[PDB]
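A.B. asks: Here the protein sequences line up with chains Z and X, keeping their order.
Numbering-wise, the UniProt record's numbering puts 363 at position 16 of the first sequence, and it's gapless, one number per residue.
Numbering-wise, the UniProt record's numbering puts 390 at position 43 of the second sequence, and it's gapless, one number per residue.
Just so you know, even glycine gets a beta-carbon here, dropped at the ideal spot from N, CA and C.
Protein chains: 2
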Amino acid sequence: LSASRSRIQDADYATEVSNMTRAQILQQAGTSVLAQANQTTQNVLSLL
Amino acid sequence: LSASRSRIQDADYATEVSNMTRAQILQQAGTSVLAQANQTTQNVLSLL
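1. Does the Cβ-Cβ distance between X/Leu381 and Z/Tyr360 come in under 8 Å?
2. So the alpha helix (DSSP H) X/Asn385 belongs to, where does it begin and stop?
3. Quick check on X/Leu392: does DSSP put it in helix, strand or coil?
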């Protein structure tokens, strides 16, 4: 019974580690591109 | 009558020594494998 409940309830680590790494990378890239996008409208001032 | 009762309830002292010597070895070999079994958890810790 212990083995069966373990198979139901417990958590792996290999998949969790992969998920964590993949999640962090997107966070970094998103923040960098967000800065790059907020900086965009500076161009308009050179018009006048 | 004494011989006939003797055949029923007395020990052997040739079988018992062998049984003891077998049980001791198997009892002793169990614990080393038990020690081996616990260590296999420590693999995951390296992933971090």
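C.D. replies: Taking the definition as stated:
1. no
2. From DSSP, the alpha helix (DSSP H) with X/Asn385 extends over 362-386.
3. helix
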